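Chemist: in their complex positions, the first chains:
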Amino acid sequence: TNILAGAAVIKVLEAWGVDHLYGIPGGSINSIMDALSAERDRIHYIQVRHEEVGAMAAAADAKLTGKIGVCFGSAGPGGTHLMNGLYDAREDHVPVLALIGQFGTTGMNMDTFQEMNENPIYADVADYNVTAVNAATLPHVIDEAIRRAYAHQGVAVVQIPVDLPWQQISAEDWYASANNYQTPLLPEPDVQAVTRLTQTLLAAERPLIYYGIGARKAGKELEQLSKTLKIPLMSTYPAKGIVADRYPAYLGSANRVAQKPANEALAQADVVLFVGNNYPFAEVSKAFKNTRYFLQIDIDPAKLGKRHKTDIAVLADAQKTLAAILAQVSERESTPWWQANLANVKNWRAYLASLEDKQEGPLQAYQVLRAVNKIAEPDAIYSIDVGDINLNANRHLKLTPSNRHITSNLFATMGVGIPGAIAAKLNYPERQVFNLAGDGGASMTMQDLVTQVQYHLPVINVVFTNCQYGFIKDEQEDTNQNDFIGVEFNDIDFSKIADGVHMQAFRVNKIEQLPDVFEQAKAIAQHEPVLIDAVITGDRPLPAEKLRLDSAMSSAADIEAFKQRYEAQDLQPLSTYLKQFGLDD
Amino acid sequence: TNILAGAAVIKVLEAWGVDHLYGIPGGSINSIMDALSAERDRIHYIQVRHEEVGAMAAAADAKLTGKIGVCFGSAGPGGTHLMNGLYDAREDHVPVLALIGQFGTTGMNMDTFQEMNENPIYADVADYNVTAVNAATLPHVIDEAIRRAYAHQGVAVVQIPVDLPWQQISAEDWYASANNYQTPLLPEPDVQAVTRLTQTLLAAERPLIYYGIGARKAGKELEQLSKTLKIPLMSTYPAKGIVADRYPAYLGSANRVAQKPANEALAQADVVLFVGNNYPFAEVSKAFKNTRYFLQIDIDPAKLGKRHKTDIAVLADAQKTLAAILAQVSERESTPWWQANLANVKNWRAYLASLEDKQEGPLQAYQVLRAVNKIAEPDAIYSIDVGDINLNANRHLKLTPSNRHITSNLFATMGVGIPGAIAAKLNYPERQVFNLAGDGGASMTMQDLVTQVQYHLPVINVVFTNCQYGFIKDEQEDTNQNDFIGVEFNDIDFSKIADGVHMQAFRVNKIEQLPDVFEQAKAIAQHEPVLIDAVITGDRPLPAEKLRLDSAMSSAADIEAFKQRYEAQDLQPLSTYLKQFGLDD
């Protein structure tokens, strides 16, 4: 006969399969808390120490599983703390439901304590943004918000006056539509469009296949197409790992969180097949200014012809379309272009291994990442923060289709390393999970290291302490006329921070200390979280976008200073390999 | 002849007298950084570790000095991190200028990296919210934003595309209007309205004068009026300290961050003179349901008759109007009502002293605050966070007109203790500054303990570790039907957190440890920041809004359990004193 409205709201979340959700209580959301408390055997509440970590972990849930993440904040400051995690979910287009506390309906608009019109605050980030005003329709409003966040891959926000979840409604006033749920229909490739695209692709002299995370279910077809037709592969940085990094013709990503072979090859390419890719640097970096033909495959009609004048655009699923190209082609023999790029990838990987393999001396970021590779399991998950770690992880981690890695891709909010790792261990308790974060990014969310201890989530946290905002210092070096400001700062000993939250931790500053510390860490993390604070040098990572290696384009003085600064004496420009195989630059 | 637009923007801030500002750099605000770097001898940049601390310190600057606070964030996540500090400035109505980074105008609306339409994000919090599009008008736009934030006591937000501060403009394209600045005109009291108000006030049998921070310049007239006419005084919690807490007829504040005498007297009063007061609990708690006449003094026409049916409302400056009442009255003799309230305040202060004066045993919050009182200088400044510390600081600190204390009053964002103390020490390097914060509030902004070390700001930080969100646990006790959830959590050793940021710290858990630790702390803080982590009991502070003391209204079983739980065996209800002097309840 009757149920409390708050109890029916928790049953709609259970019907939709939500296992865990994040937040911090307050008087303005204590009736939802009361409903959660009764349901604690069926749905699991994760209490965080700052609400932005709860919204960031909810977005990381949806990034990892495809299932909607759920978080909440109390009225006023609880909900405004959620913003960096909600803009991350909007920009990385993943479904998140956020519930916002509000004063009871009898006190709304009376200007009472911590009571304000909360609806204008969430209007820009959310796909659906409503204040609930009736208890009997509140299960439907929650159901409606989840359906929309899934269908539209964005954020749904509901402000709930605290009195409505304590009202009784009838058990027939409500249902969940979770059993009717379906994912959007995938469009099929037009065969004539595929034939025309294939003919342009085969006629190319210097082809590249450039794919994003829209080609996630097509790693087999990508690799197979590359080796049948002898066409090198390059990706956006989030798409690393779709094709194994060891694959000999994988060039890496372009621009700054980039690898040298991809930047050099893109400038020479005559035809690019751009697949499931919304690379945000296309126009501002003039990435395709020398491309003769640009071919596109994407599921979304708003992306077709968006990033560059597009000669043939196919509106279709990436995997279905690459299976259709592959059904029309045959093995081609090796070309000068194929061989020139293979030799260039070999030269680059030998430069990265030489940085990784130093055995003694002052610790640099390169050897830390080599030690992570040594203890990493084949299906490890990586939550990466924002700064030089995106550049260094992209060059040094060796990923396969069995791994997962997540960061804040487009909004690029620092602080995501710790919440992403909490969400990862909750969803995959049996996989090894790492959190790789710079010292500026780990100190923004450092208080939630205690959430890994409190909920027994064994994460290997690795902090790269350079006592700098290193990614911004290198920008100021490049653009600013006056001296550095706001980029070098005081030390924080993170092994002491970890001790304060009662987590095991180590601090290291020499290359020869790494093997034993990472061995111990790997063993601790079978049961408990652990933190390694690696005190690294201030050395700038080689800028793949400002290469000074080619004598035809840089002075001998610039080239020698570049090689000395980046320990790059053995790198050769792509033009060397192009000339060995008879091609021009 | 020419100046860079970024250099002219920094000269407008210097003309307006800004000494320091807060933020974290990023590529999207590196041209403002470049201008700051050149001006580092004239204006001082405070680099924080999380941008919400920079916006909260900027609001605390304006709360302490009356001068506009200034903060900035880089594009996307830098600026959204500012929100809890910007909503605090809006709700506590203090002037703050926030500068938001944005991608260059050639890349805007291209959907490039970390580039979005940033103007809708700040539309609800700001009084002035504009994206600058021209370099020659940018000094004027900054000048315009400061004039408006001052005149309107709110937030001005300017989004600046990174290319405009690097453009050259002519040194005649700009001026600052800082030398024309004036504060708003104060309206004068109508003499007839003052006479009518005074006659109602003198005819009252049980009068109360109830004032807020709008009566800040009138503490002398408030005390003088109270003792000439024999009328007890009560205030809003922010107004504590306008009249010395030792004054015998100061009753305290009402509702929950309240003192028992003010709650008991307000329920009996027949006439209330409500002066410079916008108490947000008036209507929802039915605070004035028994008041016969309600008299109001305020400078703002939007507040007149707002909180209760008002019999005589005077639109005028609080001090001028109280000086005018005082010029029309003469000494009155003692009354039963005056004496009944004096005896009630005496009984209450003896209960607080008995909690404070325990000499040995398990540490409670009451003795920690007694030890703060013992080392506190007469003009100390207190930055207080949000939770039980507002209730306990309000009852136990003894303030005079020489002290200052700040918290987030109406938005009530946790985490303000640390940024408020940083702003206080920057503005008053010669005054002793304390940061009193609960463990849930101090862990939200704990990373910026390093900002007090880095900029050598000697703050005495006191953390009250109860391993609870104690203020929310007591609410769940009062309203929730099911068991506690999300309010008891794991320990964080804050003396270890402080060691990790290289600050001296102590952890204490017994009453007898306090005198020596606070003595050492007082000595360290002549030169360096120090932190005391006080591990306190989970005891609930006496709820002044749910008193069980009067036998006419509560059962003997409820009264005895109340006295035993709150160690309140010696408190007497106000009805005892009312009956001793011949009045009825």
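Modeler: Everything's here; your move. Numbering: from 1, shown residues only, chains lettered A, B, ... in the order given.
Chemist: ok, the nearest residue to residue A:285 once chain neighbours are set aside - contacts?
Modeler: Using CB to CB, 6 or more residues apart in numbering or on different chains and skipping residues adjacent in sequence, the residue nearest residue A:285 is residue A:255, 5.9 Å away. From N, CA and C alone the C-beta is placed, and that goes for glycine too. Neighbour list for residue A:255: A:263, A:281, A:285, A:287, A:545 [criterion: CB atoms under 8 Å, 6 or more residues apart in numbering or on different chains].
Chemist: secondary structure element for residue A:255?
Modeler: Counting by DSSP states H and E, residue A:255 is held by no secondary-structure element, helix or strand.
Chemist: check residue A:338 too.
Modeler: Judged by DSSP H and E, residue A:338 forms part of helix A:336-356.
Chemist: for the residue nearest to residue A:191 when sequence neighbours are not counted, give its distance to chain B.
Modeler: Nearest residue to residue A:191 in three dimensions, chain neighbours excluded: residue A:324, at 7.2 Å (CB to CB, 6+ apart). Per CB to the nearest CB, to the nearest Å, residue A:324 is found 29 Å from chain B.
Chemist: pull out the buried positions in the host helix or strand of residue A:143.
Modeler: Using DSSP H and E, residue A:143 maps to helix A:138-152. Buried residues in helix A:138-152, counted by 16 or more other CB atoms under 10 Å in any protein chain shown: A:138-150.
Chemist: ok, stretch A:186-196 next?
Modeler: A:189, A:193-194.
Chemist: which of those residues fall within strands?
Modeler: Cross-referencing those against strands under DSSP state E gives no overlap.
Chemist: mind listing the strands in the stretch 1-150 of chain A by residue range?
Modeler: A:2-4, A:20-23, A:44-47, A:69-73, A:96-102, A:128-131 (DSSP state E, counting those that start in this stretch).
Chemist: send me the strand or helix carrying the residue nearest to residue A:191 as CSV with only the CA atoms.
Modeler: Assigned by DSSP H and E, residue A:324 belongs to helix A:318-328. Extracted in CSV, the C-alpha atoms of helix A:318-328 (Å, rounded to 0.1, in the frame of the first residue of the first chain):
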residue,chain,number,x,y,z
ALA,A,318,33.7,2.2,-37.0
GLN,A,319,34.0,-1.6,-36.7
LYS,A,320,31.3,-2.5,-39.3
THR,A,321,32.9,0.0,-41.8
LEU,A,322,36.5,-1.3,-41.3
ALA,A,323,35.3,-4.9,-41.6
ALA,A,324,33.7,-3.8,-44.9
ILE,A,325,37.0,-2.2,-46.3
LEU,A,326,38.9,-5.3,-45.2
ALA,A,327,36.5,-7.5,-47.1
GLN,A,328,37.3,-5.6,-50.4
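Chemist: now for chain C:
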Amino acid sequence: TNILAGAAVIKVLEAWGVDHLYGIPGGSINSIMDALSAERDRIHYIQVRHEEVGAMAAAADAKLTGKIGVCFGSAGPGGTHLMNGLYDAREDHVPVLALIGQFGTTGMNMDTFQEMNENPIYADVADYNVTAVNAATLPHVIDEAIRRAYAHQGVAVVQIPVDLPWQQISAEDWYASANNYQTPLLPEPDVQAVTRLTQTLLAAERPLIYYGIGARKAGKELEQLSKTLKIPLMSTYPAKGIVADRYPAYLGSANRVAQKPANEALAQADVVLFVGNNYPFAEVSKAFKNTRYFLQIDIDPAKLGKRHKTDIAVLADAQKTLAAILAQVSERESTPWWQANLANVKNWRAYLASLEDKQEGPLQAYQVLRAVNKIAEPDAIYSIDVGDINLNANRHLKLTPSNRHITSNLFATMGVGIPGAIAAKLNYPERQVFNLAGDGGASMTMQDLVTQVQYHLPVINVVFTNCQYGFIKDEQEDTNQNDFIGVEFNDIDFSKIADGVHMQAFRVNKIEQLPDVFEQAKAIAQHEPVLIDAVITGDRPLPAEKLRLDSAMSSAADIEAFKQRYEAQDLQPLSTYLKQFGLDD
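Modeler: With chain C now in place:
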């Protein structure tokens, strides 16, 4: 080599096939007017008399053709006048581009004449809402707006500083992606979900197929499935005409702009197949409270299970799914349910024909729509305003698949009759076009009757003058305790309004004047616009949602009065026909 940015913007519109666009000039949009002036041979500019008519005609263009409608307004008041047409496009989910004037970039944020931040004005209505700040990226921002408006079936708004279109840019700063636009090839519906839906529909004893405009391409399959399986059809009001109104088992629409058979049968049905339908009265009128199984076909995942607990929801195209069902069913012999419904429809249409066929007397709305039916061409287009005309046109117009009718379906803004008829005639100069509007609705946009004369658009305008807001008076009769207010008003003689804009017109008030006047109007509209002002009675149309015809549910006194008032003496309740074919109510 160079092109002005405004000339490249008009070339992006031409590339996307925009044939005409609407607006009113002003100083802040005169550089876009300058570029249109040069291209008047390729794109036709329609100067309207009030900018809301421009925005409403642009939404009617997209409703009729599926191509993006385009309108513009000058800064400040020109753009805010667009609002009722932009909300109609958002709510009726059709693509519209709106360009908004803005003061030059050198004067923005200077608080100069008619200059304000215009971006917050359009944030709620628009899917895409940006202020352009650079001339070289302006063609791309217009291309982006058009691609997003089509992909998201909504409104895109761009605010353009007037200086930017007069700046020179290179002929390759731009391209349009119109050539990449295409329709998705959708998968066939899964045969197992189709077979489950077919088996449930065949077992039903009292089935109904209830379709909306999502089944617009399935008129053949709806009609064939209906007569093969003997299942009556009912639709939403906008879906009228998908199956010819003369089809014997078409029941009409439900609720108030409704027909009696549909309302009575919906309350009796056991299984409802809900197809391409988002009927907004479902939950608030408990339309499906007696339904036993509810089956759904929709292409949008956000709609599955939205309107009622749904037993089987198939995500698929309506026409392909109904064709798949039709391919696996065979003839069912006539059932009792089928025959009771056919008898009920016959009785209802005899009632409507008796109102239409009155030959002398005071003119009512019913005989005016019979005269419209007599001169109507089989492919005529009807633009219908909002009010009793939706109810009357839904019952009396006899449409086929060759007709089109449009109104403001969900936002329901009055005044759409004239702009919809202007847009229809611009798109189809060879088709007969009607504007049917009540006197309240026609007077909101009456000034744009001159745009039909100025651009030589031969529309037949029929105004129903009752000197009332008749739709609202009947609501006040049903809900209001006190007397009618604001619903009866002064006469406007629209044949004199038409004469003032130099349009031929007639005013009629007698049933016997109709044949000659409508015969003359049909002939004038071969070359010129014409208006007929029909002065009608204030009789209330029969309320299909408040039927008092069944003795089992209404008293005989109520049934007598209902029959008398609505001239409904020969109408029978559906229960008569149920009992006649052996079914119980």
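Chemist: the buried residues of stretch A:186-196 again please, chain C included this time.
Modeler: By neighbour count with 16+ other CB under 10 Å, stretch A:186-196 contains the buried residues A:187-190, A:193-194.
Chemist: wait, what's in contact with the residue of the stretch 301-450 of chain A found nearest chain C?
Modeler: Using CB to the nearest CB, the single residue of the stretch 301-450 of chain A nearest to chain C is residue A:305, 2.6 Å away. Neighbour list for residue A:305: A:296, A:313, C:143, C:147, C:175, C:177, C:179-180 [criterion: CB under 8 Å, 6+ apart].
Chemist: nearest to residue C:360 among those residues?
Modeler: For the contacts of residue A:305, the minimum distance to residue C:360 (CB to CB) is 58.7 Å, reached by residue C:147.
Chemist: and the closest residue to the closest one other than its chain neighbours, how many neighbours?
Modeler: Distances taken as CB to CB, 6+ apart place residue A:302 nearest to residue C:147, at 5.2 Å, with adjacent residues excluded. Using other CB atoms under 10 Å in any protein chain shown, the number of residues around residue A:302 comes to 16.
Chemist: mind checking the backbone torsions on residue A:302?
Modeler: When read as degrees, to the nearest 10, the backbone of residue A:302 gives phi -70, psi -20.
Chemist: what sits against it?
Modeler: Residue A:302 neighbours (CB under 8 Å, 6+ apart): C:147-148, C:150-152.
Chemist: any idea how far residue A:190 is from residue A:321?
Modeler: Distance check for residue A:190 against residue A:321: by CB to CB, to the nearest Å, it reads 10 Å.
Chemist: again with residue A:496
Modeler: 54 Å.
Chemist: more crowded one of the two?
Modeler: Taking other CB under 10 Å, residue A:496 and residue A:321 do not tie; residue A:321 has more neighbours (28 against 19).
Chemist: touching chain C at all, stretch A:267-280?
Modeler: No - using CB under 8 Å from any CB of the partner chain, stretch A:267-280 stays clear of chain C, coming no nearer than 11.9 Å.
Chemist: do stretch A:170-188 as well
Modeler: Yes - Stretch A:170-188 is in contact with chain C by CB under 8 Å from any CB, via A:175, A:177, A:179-188.
Chemist: nearest to chain C, of those residues?
Modeler: So of the residues of stretch A:170-188 next to chain C, ranked by how close each gets to chain C (CB to the nearest CB), first place is residue A:177, at 2.7 Å.
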